[PDB]
10 protein chains.
Amino acid sequence: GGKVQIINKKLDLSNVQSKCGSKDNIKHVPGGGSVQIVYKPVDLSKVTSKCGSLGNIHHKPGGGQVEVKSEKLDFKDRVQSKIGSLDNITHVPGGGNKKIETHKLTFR
Amino acid sequence: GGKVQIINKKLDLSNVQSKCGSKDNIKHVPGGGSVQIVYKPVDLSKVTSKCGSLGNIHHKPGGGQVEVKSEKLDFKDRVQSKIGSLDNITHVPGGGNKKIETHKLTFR
Amino acid sequence: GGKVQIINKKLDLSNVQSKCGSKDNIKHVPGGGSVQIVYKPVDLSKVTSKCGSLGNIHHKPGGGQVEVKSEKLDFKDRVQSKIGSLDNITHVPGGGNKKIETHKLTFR
Amino acid sequence: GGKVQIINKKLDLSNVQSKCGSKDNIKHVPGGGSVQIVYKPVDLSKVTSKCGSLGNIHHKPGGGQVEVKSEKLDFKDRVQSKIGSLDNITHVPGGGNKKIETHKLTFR
Amino acid sequence: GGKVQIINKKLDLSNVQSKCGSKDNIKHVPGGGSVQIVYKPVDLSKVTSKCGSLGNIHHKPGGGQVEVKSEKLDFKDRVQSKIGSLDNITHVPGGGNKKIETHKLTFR
Amino acid sequence: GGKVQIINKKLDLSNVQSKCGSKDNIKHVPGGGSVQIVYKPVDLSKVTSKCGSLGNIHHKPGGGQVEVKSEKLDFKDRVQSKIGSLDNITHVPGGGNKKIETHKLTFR
Amino acid sequence: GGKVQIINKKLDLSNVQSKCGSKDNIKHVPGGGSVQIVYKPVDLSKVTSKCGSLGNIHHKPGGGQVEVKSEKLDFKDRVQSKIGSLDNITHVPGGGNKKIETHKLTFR
Amino acid sequence: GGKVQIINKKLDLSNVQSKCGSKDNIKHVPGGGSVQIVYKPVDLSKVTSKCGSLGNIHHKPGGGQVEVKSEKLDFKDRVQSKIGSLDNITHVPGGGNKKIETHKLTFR
Amino acid sequence: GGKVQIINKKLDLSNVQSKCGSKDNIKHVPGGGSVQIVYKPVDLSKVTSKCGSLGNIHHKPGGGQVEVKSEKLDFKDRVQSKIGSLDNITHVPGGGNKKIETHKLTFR
Amino acid sequence: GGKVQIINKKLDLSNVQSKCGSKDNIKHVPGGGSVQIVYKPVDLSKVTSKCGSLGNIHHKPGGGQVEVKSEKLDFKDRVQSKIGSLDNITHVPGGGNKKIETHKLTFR
């Protein structure tokens, strides 16, 4: 075995920040008849800030090392959004509108 | 076996911050008849800030090490959102609207 | 076996913060007839701040180590949101609206 | 085994930031009859900032190392969004509109 | 085994930033009858800033190393968005419009 | 004398708003040595919203009316802001700065 | 005297707004040695919105009316901002600066 | 005296707005030694919106009317901003600057 | 006296707006030694929008009317901005600059 | 006296806007030693939009009318901006500059 000698003297580190905000946001979605949302995100992201930092230190003298990092993601989801029929709908998500009319007359 | 000698003298570290805010937010979703939300996120994310920091220290002299990091994610979810029929709906999520009418007349 | 000698002298560390706020929030979701929410998030996230810090120290001289880190996630959820029929609905989630009418007349 | 000697003296590091904001956002999506959203993003992204930082230190003298980094993503999702019929819809998501009319008259 | 000797003296590093904003955003998508969105992005991107930083240090004297980095992505998703029929729709997402009319009269 | 006959029938008025915000605001004014603020605004402004409203009704039949509206503003203020001398000042109102020095050496 | 007959029937008025914001604002004014602010605005402005509204109604039959609207503003203010001398000042209102120095050496 | 007959029937007025924002704003004014601001605006402006509105109604039959609208503004302000001397000043309001120096050496 | 007969029937007025923004703004004015600002605007401007609106109605039968509209503005302001001497100034309001130096050496 | 008969039937007016923005703006004015600004604008401008609108209605039968509209503006302002001497100034308002030097050496 050998030596792994780290020496740190007179270090002044400051102001390290990792910031994540409003990721995968769904806003302002009006529906006159219906809103169907299937919300299945998968998040393995990384937001990292490293200042004056070392990683892992592994002193492993020897022959025959096996190091395996593995990530497997399999997707067979089945999503079905179904609506039969829509009629006679007035939807006013805007502002300051006036005199909006939807008329249906059926004579059999 | 060998030596792993870390020496730290006169270190001044400060201001390390990890901040996460409002991730995966669903806001302002009106529905005139119905709102169907299936909310199944999977979150393995990392928000990290490292300042003047070491990782793991493993002094393991020897032959035949097996190190395995594994992550497996399998998805076979079945989601079904169904609505039969929608009619005669007035939806006003906006502001300051006036005289909005939906009329249906059926004569059999 | 060898030596793992850590020496720390005259260290001044300060201001380490990890902050998480309002993650996976569902706000302002009105429904005129119905609101169906299935809320099943899975959260394995990490928000970490490390300042002047070491990890694990393992002094294990020897041959034949097996180190396995494993995470498995399997999803076969079955979600069914169903509504038969919707009619004659007035939904006003907005502000300051006036004279909003929904009329249905059926003559058999 | 050999030597891995890192010496750091008189280091002044500062102002390291990783920032992620509003990724994968869906905003302002009105639908007169219906809104069907299937939201399944997969996120393995990285936002990283590194200042004066080393990686992993592996002192492993020996013959026969096997290092495998593997990531596998398989997608067989089945998504079906279906609507049968839409008629007699007035949708006004704009502002300051007036005298908007939709009329249907059927005489059998 | 040999020597890997890194010496750092009198280093002043500052102002390292990685910033990602509003990626994969869907905004302002109105639909008079229907909006069908299937949102399945796959993100393995990297936004990185490196200042005065080393990578991994691997001191591994020996014959027979096998280092394999592999990423495999297979896509067999099946997406079907279907609508049967649309008629008698007025959609005004613009502002300041007036006297917009859609009339259908059927006499059998 | 005559008649002043006002008749109002079937009136529907709504949504009248007068809003004033953050007028004459002084923000973020740092001074390394001194801050001298003399704050003497004179405000006779009007923010008015009138909907379906009459003014004054004066039925005054006769000869010789004198109606005088008068506003007089006279300003003879005397403002004196005085500082004798400033030296040897370091002012850092900014963020994330480092190694800022102000040195004065006098040898008589 | 005569008649002043106002008749209003079937009136629908709405959405009248007068808005004033952040007028006469002083922001972000740093001074390394001194900040001298004399703040004497005079405001007689009007922000008005009138919808379906009458003014004053004056029924004054007669000869010899005198109507005088007068506004007089006289300004003889005396403002004196004085500083004697400034020296040896470092001012850093910016962000992320480093190694900023101001040196004065006097040898008599 | 005569007649002033106003008749209003079936009036629909809406969306009247008067908006004033950020008038006479002073922003981002750094001074290395000094900032002297004398802030004396005079504001008699008007922001008006009129929809379906009458003015004043004056029924004044007679001979000899005198109507005088007068506005007088007289300005004899005396403003004196004085500084005696400035020397040895470093001002860095910009961002991300480095190694900025101001040196004065006097040898009598 | 005669008749002034105004008749309004079936009027639909909308969308009247008067907007004023950021008038007389002073931004981004750095000074290395000094900033002297004398800010005395005089504002009698008008921003007006008129839709379907009448003015004043004056029924004044008679001989000898005197109508005088008068506005008088007299300016005898005395403004004196004075600085005696400036020397040895470094001003860096720009971004990303480096190695900027100002040196004065006097040997009497 | 006679008749002034205005009749308005079936009027539809809309979309009247008066907009003023960023008038008389002073931006990005750096000074290495000094910035002297005397800011005295006089504003009597008009921004007007008129749609379907009448002016004043004056029914004044008679002989001897005197109508006087008068505006008088007199300017005798006295502005004096004075600086005695400037020397040894480095001003870098640009971005990304390097190695900028100003040197003065006096040997008496």
Side-chain angles (χ1 to χ4, degrees), chain F residues 1-7 53-70, chain G residues 1-8 50 52-70, chain H residues 1-9 50 52-70, chain I residues 1-9 50 52-70, chain J residues 1-9 50 52-70:
Chain F
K3 314 198 302 182
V4 186
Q5 170 169 325
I6 286 88
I7 303 197
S53 65
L54 292 85
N56 295 321
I57 286 102
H58 293 167
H59 181 212
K60 38 197 189 175
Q65 277 87 359
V66 177
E67 182 204 331
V68 165
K69 295 167 100 133
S70 169
Chain G
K3 314 198 302 182
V4 186
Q5 170 169 325
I6 286 88
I7 303 197
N8 304 313
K50 301 194 185 99
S53 65
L54 292 85
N56 295 321
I57 286 102
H58 293 167
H59 181 212
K60 38 197 189 175
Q65 277 87 359
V66 177
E67 182 204 331
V68 165
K69 295 167 100 133
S70 169
Chain H
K3 314 198 302 182
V4 186
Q5 170 169 325
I6 286 88
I7 303 197
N8 304 313
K9 187 219 212 211
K50 301 194 185 99
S53 65
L54 292 85
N56 295 321
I57 286 102
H58 293 167
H59 181 212
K60 38 197 189 175
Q65 277 87 359
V66 177
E67 182 204 331
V68 165
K69 295 167 100 133
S70 169
Chain I
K3 314 198 302 182
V4 186
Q5 170 169 325
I6 286 88
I7 303 197
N8 304 313
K9 187 219 212 211
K50 301 194 185 99
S53 65
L54 292 85
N56 295 321
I57 286 102
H58 293 167
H59 181 212
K60 38 197 189 175
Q65 277 87 359
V66 177
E67 182 204 331
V68 165
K69 295 167 100 133
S70 169
Chain J
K3 314 198 302 182
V4 186
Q5 170 169 325
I6 286 88
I7 303 197
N8 304 313
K9 187 219 212 211
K50 301 194 185 99
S53 65
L54 292 85
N56 295 321
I57 286 102
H58 293 167
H59 181 212
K60 38 197 189 175
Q65 277 87 359
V66 177
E67 182 204 330
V68 165
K69 295 167 100 133
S70 169

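Just so we're on the same page: letters track the sequence lines, and every chain starts at 1. Heavy atoms only: backbone and side chains are in, while hydrogens, waters and symmetry mates are out.
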(request) Look up atom NZ in J:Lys69 and atom OG in I:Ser70, then write down how far apart they are to the nearest 0.5 Å. (result) 12.5 Å
(request) Look only at the side chain of G:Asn56 and the backbone of F:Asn56, and say whether a donor-acceptor pair between them is shorter than 3.5 Å. (result) yes
(request) Drop me the distance from F:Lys60's NZ to F:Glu67's CD, to the nearest 0.5 angstrom. (result) 5.5 Å
(request) Determine yes or no for a side-chain-to-main-chain donor-acceptor pair under 3.5 angstrom, with G:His59 supplying the side chain and G:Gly2 the backbone. (result) yes
(request) Please step through side chain to side chain contact (heavy atoms under 4.5 Å, CB included) for the pair F:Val4 and G:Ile57, ending with a clear verdict. (result) CA-CA 9 Å; F:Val4 186; G:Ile57 286 102; 4.2 Å; yes
(message) For J:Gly1 versus J:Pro61, what's the shortest heavy-atom pair and its separation?
(response) CA-CG, 4.0 Å
(request) Please name the pair of heavy atoms, one in H:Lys50 and one in H:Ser53, separated by the smallest distance, quoted to 0.1 Å. (result) CB-OG, 3.5 Å
(message) Let me confirm one number: the CG-CD1 distance from J:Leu54 to J:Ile6, rounded to the nearest 0.5 Å.
(response) 5.5 Å
